[PDB]
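Below are the chains, spelled out letter by letter.
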Amino acid sequence: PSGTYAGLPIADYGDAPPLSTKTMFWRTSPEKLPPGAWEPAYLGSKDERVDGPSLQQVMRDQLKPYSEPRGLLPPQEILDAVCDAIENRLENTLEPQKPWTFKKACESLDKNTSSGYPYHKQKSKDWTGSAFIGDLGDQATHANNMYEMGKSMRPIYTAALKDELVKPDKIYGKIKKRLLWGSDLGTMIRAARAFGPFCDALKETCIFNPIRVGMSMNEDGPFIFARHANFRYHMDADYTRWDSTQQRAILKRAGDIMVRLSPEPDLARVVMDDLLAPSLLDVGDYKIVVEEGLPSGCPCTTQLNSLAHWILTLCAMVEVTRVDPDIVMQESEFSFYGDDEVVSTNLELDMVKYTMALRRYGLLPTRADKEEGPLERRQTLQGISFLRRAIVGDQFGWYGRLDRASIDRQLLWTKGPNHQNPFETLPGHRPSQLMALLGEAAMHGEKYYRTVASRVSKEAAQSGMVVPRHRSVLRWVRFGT
Amino acid sequence: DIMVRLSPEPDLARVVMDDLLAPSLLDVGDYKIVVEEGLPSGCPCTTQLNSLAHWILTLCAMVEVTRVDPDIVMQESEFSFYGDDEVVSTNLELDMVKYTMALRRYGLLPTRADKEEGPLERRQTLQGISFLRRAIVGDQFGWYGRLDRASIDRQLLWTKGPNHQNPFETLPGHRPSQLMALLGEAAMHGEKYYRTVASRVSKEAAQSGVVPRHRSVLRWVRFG
Amino acid sequence: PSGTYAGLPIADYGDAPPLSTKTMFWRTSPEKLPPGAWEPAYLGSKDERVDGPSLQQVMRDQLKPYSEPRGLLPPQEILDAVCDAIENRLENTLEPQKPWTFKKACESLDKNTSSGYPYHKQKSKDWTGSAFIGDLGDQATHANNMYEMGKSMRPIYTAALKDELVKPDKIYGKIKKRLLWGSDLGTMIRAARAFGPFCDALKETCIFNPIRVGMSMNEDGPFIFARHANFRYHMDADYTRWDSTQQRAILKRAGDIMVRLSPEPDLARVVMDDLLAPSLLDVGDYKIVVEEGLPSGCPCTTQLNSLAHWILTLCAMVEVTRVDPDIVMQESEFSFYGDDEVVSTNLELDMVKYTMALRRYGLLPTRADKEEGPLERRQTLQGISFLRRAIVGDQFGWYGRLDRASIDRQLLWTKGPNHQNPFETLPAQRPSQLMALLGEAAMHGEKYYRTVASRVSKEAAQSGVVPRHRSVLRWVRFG
């Protein structure tokens, strides 16, 4: 089978299931939604909210960027210097780990997600509590034997669309739905067994290294944000379409870093060569070949993405300041979680040339006012966004607090089983979400806490606990006993 | 009074505090004398109490110098108190003349680092400040407290044991935990000083009862 | 010719000269500038520092606020009461003066500035040391004869941009350059003859009246600051765009006060009617009509602005406290120098409603942290800023001390003739500068004095007496 699907070459026929037409989001009250409120993303031809295209068409729209021409690679000397600097810092910080067992790799996976190719069954359906059995068991055992033998396996990725709350413009106007990459159980097991040590050792130093993957906002947030606030200037590039715009060469540098620091370097070398090779994405009708972009399906991919992000930032700064990367890195504090970043630095950075180098690398940094021009740098960390939270500070220190709009949103929407009509009210009685919302509203002051408490009392009096004092829940969420 | 009002049994703590802060009866061996002022540093919680007193005094001086509300000082400042030991960081333009003057007016005896009389010095870096017998240092990995080299050599020269009369007696009793702690504290000074300390510990270890790579022990003491 | 320029009506064609592309600031050493240091403002299309807009565009950006709707006028009863209180205090304090001659008005002017319309010639070019001659002489004589006749003349103002040191964000980021109003020589002479006596009488009592125009920080500073420190609370609103936000009605009340206290009230009435009428500003291309704002070109404009500042402040305080303005003024001490203020008072002031009343009047008070909210009030005069000095006090008394950043700044930049490249080193002409800097650094202690003295020696080694700290300290404090 040959041809071209969405501008990307075709490799084989598709074994993927149909795209999901259901949502996990339920309404909390049968009352009419406020105007301008957020709703679950488009659900296909069966969605009674609008008459839109097929989900296949939306997936083609989301797959178009992966065919787009790439940007320029950073200068080779700068790239080599920054990659060496990053690797040296990780050597100085990371404690060597022992290799992961097959059982540990099998127990590291979330059993509530799909197994991917070729069975597409929820992992928990073939889980015994100790190891895998049945179809998934044979898949895992074959993957493990190929891993131990140092033999290559070709990954098969499965395309999907992300169910999430989006602004109504993404439903009633230009319809958009975010693209998700699911991976196959064999590749999941191989990547786990290979890079579990590296990712775990990186998590153990979630405070000392900019790859903030695994941090706890309530516990580890304040330290990271105080370290950021030790610096004069602060910025957030807020990239648009981060994964579609990545270059496989930068990801290869990141993967080389990840391999050189792993306890089994040859096996991780084979697994990384399989991961970073031209990827086979299953869009349902065909299995197509995606040569560029980021394959965001593997469990460790976030660390990889974050590492690549790190490299790019340093390159730009080293290209702007022309000073050594280690000097930049001791005069700066970075925070990276995939596409999300916060960059704090003492260096006087020419934001014009910084944005120029970023756009030259193929990235798409955006200002907050959505106007073209160089990026903004501010002298305070207050207001910056990281991990969907806003960075705030007071006499007690820094913290991340969810914005008020998200509070109202979680009061309007609750998660549940998959259904067809997003406006159905869930009868099945959610108090943990209410307590978390109460804390997040406590971090906004007594007024908003009083409002949210009124709404929580009104919502909990139609179903199934008490409302604490503002000061008690505030101390509970801020300083946690 | 603050400590009592915040206690779960305030009426009992009131009596206990009134007993603690009354004129104290100190037994100097020959007589039991009455000390009406000063700090009775015998009780287990006295470290908090003294520290709390320190807090009060500091805030008072700053509020006497800046004349802004104490909460304004405290949101524009960061204090660290461990009894007599303090670190004061602030964004306020502080007249160190009036600050030291108000401190000395309260009966306190603040001293410059150069041991000369005059007003206190304020610096633009936290580097060099002392807290809990440690020096505050910072690098690309963050801030930390490092024991000075003199104290390391001192703990290499002296060990704790049972009470004796001639301090120059050598203890035959063979101290691995203290030696490992010294190794860690010496790692923070660089590979040169770490090698020196490693030579000294090895030389003093062939008379009793290994020496890790510098980077490993450095990682262990910095990031555990 | 009709139309709309920068949101403001167009009246005629522009006779103004091109905007200056030069700066008076020179670097003191060829060394690299410190990061984040201040630099002369944007110099136009010829400025090699950035590729920016035309100076015409930045001037349009600065003229945009003058077309914006004004704020609300204070309550009429409050306004009348405070104006009566202010005028009565000035009557009780000011010594009556003799009218000014044409010669005195001509000799009061700064001869190093442009004559404005219609010749745009530097005053000193037609100055003999006694009177004006030539074109400027005819202009001055016509202005004087129209003054004596009680006939009106319409002033023609000339727009310009201010050469000054600005933070790099105003050059390498959003480019901004402050707007200056120059006046024409005829209006200068008329306003001088009209309000010279009043301004002189105000200068003679620069301590007892809040209009601090003419004071000397080294001589008169300590007394003013001690009387200020006699009070419990102290504040400085630190207004942004003071002149753009003014209302012509408030300026009319202030001008009525200034006229009623002048020795020639009818002629000063005519001159004020000419000054506060819709102003003709020459932006180069057109002469536009500015109906609101403050025409900041005349020699007495500083006193007028300060009087307006006084009026507005008293109005706000009386609207919040509801006590009589004279009661406020005996329970408070004000210091006004145009847009600059120091307010000391014993009244418990609700800063929320105070800031609310200020913003209702069109003013733009700003916090030190640049955050929105009510104004901050402190219990000590230390730290307050007045005339670019910080107010400090010690066992010897109060004084005004130049900030440390300003010291480093004057160490980096020196004034000289106008040139195009701000980083050219000036080859000397700074003898009276380094010693003053030495004194201002002496007021910071022996450490900062030692650092500044090292820098002064290392720079003076390019040109060729560094006293003891204590001696120069005595000289600047107690002379």
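Residues numbered from 1 in each chain as written, not as in the entry; some residues may be left out. Chains lettered and ligands numbered in written order. Part of a larger assembly, values for the part shown. Heavy atoms only, no water. Residues with missing side-chain atoms left out of burial classes, pairs and counts.

Take the interface of chain A and chain B next. Chain A puts 12 residues into the contact, and the matching count from chain B is 10 residues. Together chain A and chain B conceal approximately 1,100 Å² of surface at their shared face, both sides included; 47% is due to carbon and sulfur atoms. When the area that chain A buries against chain B is broken down by residue, the three leading residues are A:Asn92, A:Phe208 and A:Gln395, summing to 38%. Here chain A is connected to chain B by two salt bridges. For B:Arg215, the salt bridge goes to A:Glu91, with nearest N and O atoms at 3.5 Å. The tally of links between chain A and chain B comes to five residue pairs in polar contact. Here the side of chain A that touches chain B is composed, by residue class, of three nonpolar, five polar and four charged. (Contact = heavy atoms within 4.5 Å. Buried area = accessible area lost by both parts, 1.4 Å probe. Salt bridge = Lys/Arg side-chain N within 4 Å of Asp/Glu carboxyl O. Polar contact = N/O pair within 3.5 Å; in protein donor to acceptor, adjacent residues only side chain to side chain. Nonpolar A, V, L, I, M, F, W, Y, C, P; charged D, E, K, R; others polar.)

All names here are of chain B. The three strands lie next to each other as β5-β6-β7, forming an open sheet whose pairing is antiparallel. Each end of this open sheet is capped by a strand with a single partner; those strands are β5 (130-131) and β7 (142-146). Alignment of β5 against strand β6 (residues 134-139), held across two bridges, turns out to be antiparallel. In the strand pairing of β6, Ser-130 is matched with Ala-135. (Pairing = 2+ DSSP bridges. Helix = DSSP H or I, 4+ residues; strand = E, 2+ residues; numbered from the N terminus.)

Here we take up the nonpolar core. One finds A:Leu63, A:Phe195, A:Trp310 and A:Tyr354 to be the most contacted residues of the largest nonpolar core, which totals 86 residues. With 12 residues, the top contributor of residues to this core is helix α10 (residues 301-321) of chain A. One finds C:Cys83, C:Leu94, C:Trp310 and C:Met351 within the second-largest nonpolar core, a separate group that totals 85 residues. (Core = buried A, V, L, I, M, F, W, Y, C linked by side-chain atoms within 4.5 Å. Buried < 20%, exposed > 50% of the residue type's maximum accessible area, 1.4 Å probe, protein only.)

Look at A:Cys298 and A:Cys300: UniProt pairs them in a disulfide, but at 7.5 Å between sulfurs the bond is not present in this structure. Mapped onto the secondary structure, A:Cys298 falls in the loop between β10 (286-290) and α10. (Disulfide = S-S within 2.5 Å. UniProt positions renumbered as here; feature names shortened; annotations may be inferred.)

Okay, the UniProt feature "disulfide bond" in chain B next. Residue and element names in this part refer to chain B. Measuring sulfur to sulfur gives 7.3 Å for the UniProt disulfide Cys-43/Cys-45, too long to count as a bond. Looking at the element boundaries, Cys-43 is found in the loop between β2 (32-35) and α3 (46-66). Among the secondary structure elements, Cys-45 is positioned in the loop between β2 and α3.

The next point concerns the packing of aromatic side chains. With the rule as written, the count across this model stands at 23 aromatic pairs over all chains. Each ring, one from B:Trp158 and one from B:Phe168, has its centre 6.3 Å from the other, and the planes form 45°; the classification is tilted. Taken together, the positions of B:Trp158 in the loop between α6 (149-157) and α7 (176-187) and B:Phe168 in the loop between α6 and α7 put the pair 10 residues apart, joining distant regions of the chain. In this structure B:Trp158 comes out as partly exposed when scored by relative accessible area, which is 45%. In this structure an aromatic cluster arises from ring pairing among A:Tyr5, A:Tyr13 and A:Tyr286. (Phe/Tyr/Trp six-rings, centres within 6.5 Å; stacked < 30°, edge-to-face > 60°.)

Let us look at the domain arrangement of chain B. Residue and element names in this part refer to chain B. Domains assigned within chain B are domain 1 (42-128) and domain 2 (129-224). Computed from C-alpha atoms alone, the centre-to-centre distance between domain 1 and domain 2 is 32 Å. Contacts between the two partners involve 10 residues from domain 1 and, on the opposite side, nine residues from domain 2. Of the roughly 850 Å² buried between domain 1 and domain 2, counting both surfaces, carbon and sulfur atoms make up 65%. Area buried by domain 1 at its contact with domain 2 is led by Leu-126, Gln-127 and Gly-128, which between them contribute 50% of it. Along the contact surface separating domain 1 from domain 2 lie zero salt bridges. Across the contact surface, domain 1 and domain 2 share four residue pairs in polar contact. For the side of domain 1 that touches domain 2, the per-class residue count stands at four nonpolar, three polar and three charged. (Domains from an automatic or database assignment.)

To continue, consider the state of the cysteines. Considering all chains together, one arrives at zero disulfides over all chains under this definition. Not part of a disulfide, A:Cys199 finds its nearest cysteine sulfur in A:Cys300, a span of 3.7 Å. Note on A:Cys199: relative accessible area 5%, which makes it buried. Looking at the unpaired C:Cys199, the closest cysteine sulfur is the one in C:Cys300, lying at 5.6 Å. Accessibility expressed as a relative area gives 7% for C:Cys199, which makes it buried.

Let us now look at the environment of C:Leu347. Residue and element names in this part refer to chain C. Structurally, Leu-347 can be placed in the loop between β12 (340-345) and α12 (351-360). C-alpha separation for the pair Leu-347 and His-228, spaced 119 residues apart in sequence, amounts to 14 Å. When residues no more than four places from it in sequence are discounted, the contact partners of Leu-347 are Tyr-233, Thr-321, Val-323, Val-328 and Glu-331.

The next point concerns the interface of chain B and chain C. The interface of chain B with chain C comprises eight residues on the first partner and seven residues on the second. In terms of surface lost to chain C, no three residues of chain B exceed B:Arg67, B:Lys98 and B:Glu121, which account for 53% of the buried area on that side. For the pair chain B and chain C, the number of links is three residue pairs in polar contact. Tallied by class, residues from the side of chain B that touches chain C come to three nonpolar, one polar and four charged.

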